[PDB]
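K.L.:
What follows is start38.txt, compact mmCIF, N, CA and C atoms.
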# COMPACT_ATOMS: atom_id res chain seq x y z
N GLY U 1 -15.28 14.08 5.56
CA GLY U 1 -15.44 12.92 6.42
C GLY U 1 -16.17 11.79 5.73
N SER U 2 -15.68 11.40 4.55
CA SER U 2 -16.29 10.32 3.79
C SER U 2 -15.85 8.96 4.32
N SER U 3 -16.81 8.20 4.84
CA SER U 3 -16.53 6.88 5.39
C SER U 3 -15.94 5.96 4.32
N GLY U 4 -14.64 5.67 4.45
CA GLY U 4 -13.98 4.81 3.48
C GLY U 4 -13.05 5.58 2.57
N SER U 5 -11.78 5.66 2.96
CA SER U 5 -10.78 6.37 2.17
C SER U 5 -10.05 5.42 1.23
N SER U 6 -9.77 5.89 0.02
CA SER U 6 -9.08 5.08 -0.98
C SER U 6 -8.10 5.92 -1.78
N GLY U 7 -6.82 5.55 -1.73
CA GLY U 7 -5.80 6.28 -2.45
C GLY U 7 -4.51 6.41 -1.67
N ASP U 8 -4.63 6.78 -0.40
CA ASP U 8 -3.47 6.94 0.47
C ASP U 8 -2.80 5.59 0.74
N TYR U 9 -1.68 5.35 0.08
CA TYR U 9 -0.94 4.10 0.24
C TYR U 9 -0.73 3.79 1.72
N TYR U 10 -0.36 4.81 2.49
CA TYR U 10 -0.12 4.65 3.92
C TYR U 10 -1.29 3.92 4.58
N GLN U 11 -2.49 4.19 4.09
CA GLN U 11 -3.69 3.57 4.64
C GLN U 11 -3.86 2.14 4.11
N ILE U 12 -3.65 1.97 2.81
CA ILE U 12 -3.77 0.66 2.19
C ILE U 12 -2.88 -0.36 2.88
N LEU U 13 -1.66 0.04 3.18
CA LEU U 13 -0.70 -0.85 3.85
C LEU U 13 -0.96 -0.90 5.35
N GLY U 14 -1.30 0.25 5.93
CA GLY U 14 -1.57 0.32 7.35
C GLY U 14 -0.41 0.90 8.13
N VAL U 15 0.26 1.89 7.55
CA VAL U 15 1.40 2.53 8.20
C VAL U 15 1.19 4.03 8.32
N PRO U 16 1.85 4.65 9.31
CA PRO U 16 1.75 6.09 9.55
C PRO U 16 2.44 6.91 8.46
N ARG U 17 1.98 8.14 8.28
CA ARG U 17 2.55 9.03 7.27
C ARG U 17 4.06 9.16 7.46
N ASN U 18 4.52 8.93 8.68
CA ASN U 18 5.94 9.03 8.99
C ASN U 18 6.53 7.65 9.29
N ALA U 19 6.12 6.66 8.51
CA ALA U 19 6.61 5.29 8.68
C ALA U 19 8.10 5.20 8.37
N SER U 20 8.69 4.04 8.63
CA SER U 20 10.11 3.82 8.38
C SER U 20 10.32 2.75 7.31
N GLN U 21 11.36 2.92 6.51
CA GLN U 21 11.67 1.97 5.45
C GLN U 21 11.41 0.54 5.91
N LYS U 22 11.86 0.23 7.12
CA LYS U 22 11.67 -1.11 7.67
C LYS U 22 10.19 -1.44 7.82
N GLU U 23 9.44 -0.54 8.44
CA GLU U 23 8.01 -0.73 8.63
C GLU U 23 7.30 -0.93 7.30
N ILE U 24 7.64 -0.09 6.33
CA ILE U 24 7.03 -0.17 5.00
C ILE U 24 7.24 -1.55 4.38
N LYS U 25 8.48 -2.04 4.46
CA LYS U 25 8.81 -3.35 3.91
C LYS U 25 8.08 -4.46 4.66
N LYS U 26 8.29 -4.52 5.96
CA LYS U 26 7.65 -5.53 6.80
C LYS U 26 6.14 -5.54 6.58
N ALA U 27 5.53 -4.36 6.66
CA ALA U 27 4.09 -4.22 6.47
C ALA U 27 3.66 -4.78 5.12
N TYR U 28 4.26 -4.26 4.05
CA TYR U 28 3.94 -4.71 2.70
C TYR U 28 3.76 -6.22 2.66
N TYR U 29 4.79 -6.94 3.08
CA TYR U 29 4.76 -8.40 3.09
C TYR U 29 3.64 -8.91 3.99
N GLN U 30 3.56 -8.35 5.19
CA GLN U 30 2.53 -8.75 6.15
C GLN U 30 1.15 -8.72 5.51
N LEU U 31 0.81 -7.60 4.89
CA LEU U 31 -0.48 -7.45 4.24
C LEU U 31 -0.60 -8.37 3.03
N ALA U 32 0.40 -8.33 2.16
CA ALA U 32 0.41 -9.17 0.97
C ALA U 32 0.03 -10.61 1.30
N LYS U 33 0.75 -11.19 2.26
CA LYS U 33 0.49 -12.56 2.68
C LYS U 33 -0.94 -12.72 3.19
N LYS U 34 -1.45 -11.68 3.84
CA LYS U 34 -2.81 -11.70 4.38
C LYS U 34 -3.83 -11.66 3.25
N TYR U 35 -3.56 -10.85 2.23
CA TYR U 35 -4.47 -10.73 1.10
C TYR U 35 -3.93 -11.50 -0.11
N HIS U 36 -3.36 -12.67 0.16
CA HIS U 36 -2.81 -13.51 -0.90
C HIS U 36 -3.92 -14.08 -1.77
N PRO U 37 -3.68 -14.14 -3.09
CA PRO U 37 -4.65 -14.66 -4.06
C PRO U 37 -4.84 -16.17 -3.93
N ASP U 38 -3.81 -16.85 -3.43
CA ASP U 38 -3.86 -18.29 -3.26
C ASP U 38 -4.87 -18.68 -2.18
N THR U 39 -4.66 -18.16 -0.98
CA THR U 39 -5.55 -18.45 0.14
C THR U 39 -6.95 -17.91 -0.12
N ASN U 40 -7.03 -16.79 -0.84
CA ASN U 40 -8.31 -16.18 -1.16
C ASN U 40 -8.89 -16.76 -2.45
N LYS U 41 -9.58 -17.88 -2.32
CA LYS U 41 -10.19 -18.54 -3.47
C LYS U 41 -11.56 -17.94 -3.78
N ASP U 42 -12.42 -17.87 -2.77
CA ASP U 42 -13.75 -17.32 -2.93
C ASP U 42 -13.75 -15.82 -2.67
N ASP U 43 -12.65 -15.16 -3.00
CA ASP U 43 -12.52 -13.72 -2.80
C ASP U 43 -12.02 -13.04 -4.07
N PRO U 44 -12.95 -12.70 -4.97
CA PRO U 44 -12.63 -12.04 -6.24
C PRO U 44 -12.16 -10.60 -6.04
N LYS U 45 -12.59 -9.99 -4.93
CA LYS U 45 -12.22 -8.62 -4.62
C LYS U 45 -10.75 -8.54 -4.20
N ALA U 46 -10.30 -9.54 -3.46
CA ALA U 46 -8.92 -9.58 -2.99
C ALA U 46 -7.94 -9.33 -4.14
N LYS U 47 -8.08 -10.11 -5.21
CA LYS U 47 -7.21 -9.97 -6.37
C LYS U 47 -6.91 -8.50 -6.66
N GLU U 48 -7.90 -7.65 -6.42
CA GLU U 48 -7.74 -6.21 -6.65
C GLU U 48 -6.98 -5.56 -5.51
N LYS U 49 -7.26 -6.00 -4.29
CA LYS U 49 -6.60 -5.46 -3.10
C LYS U 49 -5.09 -5.70 -3.17
N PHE U 50 -4.70 -6.94 -3.44
CA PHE U 50 -3.29 -7.30 -3.53
C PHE U 50 -2.56 -6.38 -4.49
N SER U 51 -3.12 -6.19 -5.68
CA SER U 51 -2.52 -5.34 -6.70
C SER U 51 -2.18 -3.97 -6.12
N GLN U 52 -3.11 -3.42 -5.34
CA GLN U 52 -2.91 -2.11 -4.73
C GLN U 52 -1.68 -2.11 -3.82
N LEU U 53 -1.50 -3.20 -3.08
CA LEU U 53 -0.36 -3.33 -2.18
C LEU U 53 0.95 -3.18 -2.93
N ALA U 54 1.24 -4.14 -3.81
CA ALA U 54 2.46 -4.11 -4.60
C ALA U 54 2.77 -2.70 -5.09
N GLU U 55 1.78 -2.08 -5.74
CA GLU U 55 1.95 -0.73 -6.26
C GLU U 55 2.33 0.24 -5.15
N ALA U 56 1.65 0.14 -4.02
CA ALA U 56 1.91 1.00 -2.88
C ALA U 56 3.37 0.91 -2.44
N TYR U 57 3.83 -0.31 -2.18
CA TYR U 57 5.20 -0.54 -1.75
C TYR U 57 6.19 -0.01 -2.79
N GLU U 58 6.07 -0.50 -4.02
CA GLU U 58 6.95 -0.07 -5.10
C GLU U 58 7.30 1.40 -4.96
N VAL U 59 6.28 2.24 -4.79
CA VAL U 59 6.48 3.67 -4.64
C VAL U 59 7.21 4.00 -3.35
N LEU U 60 6.60 3.64 -2.22
CA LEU U 60 7.20 3.89 -0.91
C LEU U 60 8.64 3.39 -0.87
N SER U 61 8.80 2.07 -0.95
CA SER U 61 10.13 1.47 -0.91
C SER U 61 11.13 2.31 -1.69
N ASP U 62 10.64 3.02 -2.70
CA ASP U 62 11.49 3.87 -3.52
C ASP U 62 11.54 5.29 -2.97
N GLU U 63 12.74 5.75 -2.62
CA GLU U 63 12.92 7.09 -2.08
C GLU U 63 12.44 8.14 -3.08
N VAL U 64 12.72 7.91 -4.35
CA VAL U 64 12.33 8.83 -5.41
C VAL U 64 10.81 8.96 -5.49
N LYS U 65 10.14 7.82 -5.68
CA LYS U 65 8.69 7.80 -5.77
C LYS U 65 8.05 8.30 -4.48
N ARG U 66 8.60 7.87 -3.35
CA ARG U 66 8.08 8.28 -2.05
C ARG U 66 8.15 9.79 -1.88
N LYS U 67 9.31 10.36 -2.21
CA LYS U 67 9.51 11.80 -2.10
C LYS U 67 8.48 12.56 -2.93
N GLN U 68 8.37 12.20 -4.20
CA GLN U 68 7.42 12.85 -5.10
C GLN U 68 5.99 12.63 -4.63
N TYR U 69 5.69 11.40 -4.21
CA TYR U 69 4.35 11.06 -3.74
C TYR U 69 4.04 11.78 -2.43
N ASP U 70 5.07 12.00 -1.62
CA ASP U 70 4.90 12.68 -0.34
C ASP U 70 4.28 14.07 -0.54
N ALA U 71 4.67 14.73 -1.62
CA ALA U 71 4.15 16.06 -1.93
C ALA U 71 2.95 15.98 -2.86
N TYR U 72 3.03 15.11 -3.85
CA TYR U 72 1.95 14.94 -4.81
C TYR U 72 0.93 13.91 -4.32
N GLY U 73 0.93 13.68 -3.01
CA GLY U 73 0.01 12.72 -2.43
C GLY U 73 -1.22 13.38 -1.83
N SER U 74 -1.93 14.15 -2.65
CA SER U 74 -3.13 14.84 -2.20
C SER U 74 -4.37 14.30 -2.90
N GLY U 75 -5.50 14.31 -2.19
CA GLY U 75 -6.74 13.81 -2.76
C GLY U 75 -7.71 14.93 -3.07
N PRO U 76 -7.55 15.56 -4.24
CA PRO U 76 -8.41 16.66 -4.68
C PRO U 76 -9.82 16.19 -5.02
N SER U 77 -9.99 14.87 -5.11
CA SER U 77 -11.29 14.29 -5.44
C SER U 77 -12.38 14.83 -4.52
N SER U 78 -13.24 15.68 -5.06
CA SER U 78 -14.32 16.27 -4.28
C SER U 78 -14.85 15.28 -3.25
N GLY U 79 -15.21 15.80 -2.08
CA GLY U 79 -15.72 14.95 -1.02
C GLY U 79 -16.51 15.73 0.02
Would you give me this structure, written as structure tokens?
P.N.:
Amino acid sequence: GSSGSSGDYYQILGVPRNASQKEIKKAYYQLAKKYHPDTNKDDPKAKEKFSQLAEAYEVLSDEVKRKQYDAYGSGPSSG
């Protein structure tokens, strides 16, 4: 129960583990625009957040990456 999870793309984007291709796409853009580097001038942390998004979608949007990630999507990081 560590306050603040990092790694689960589903969380980064804000979609359920059983999201839909449509939701994944729509969400990705929704978040991206929200955490845009342009609007975020005095936000050096954002630049990092946005990067996470793109990477998240790339995998999800991809059936291959999503499938593999679906099984290899575990957080063994002690907690």
K.L.:
Determine, counting all atoms listed in the file, which protein, DNA and RNA residues have an atom within 8 Å of an atom of stretch 50-61 of chain U; residues of the same chain fewer than 6 positions away are not included. Present the result as a ChimeraX atom specification.
P.N.:
/U:8-10,12-13,21,24-25,28,31-32,35-37,67,69
K.L.:
Expressed in Å to a single decimal, how great is the separation between atom N of residue U:30 and atom C of residue U:77?
P.N.:
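A separation of 29.8 Å between them.
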K.L.:
Here is a test: counting only C-alpha atoms, which residue of U:6, U:26, U:74, U:18 is nearest to residue U:49?
P.N.:
U:6
K.L.:
Can you measure atom N of residue U:23 to atom C of residue U:39 for me? One decimal in Å is fine.
P.N.:
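A separation of 25.4 Å between them.
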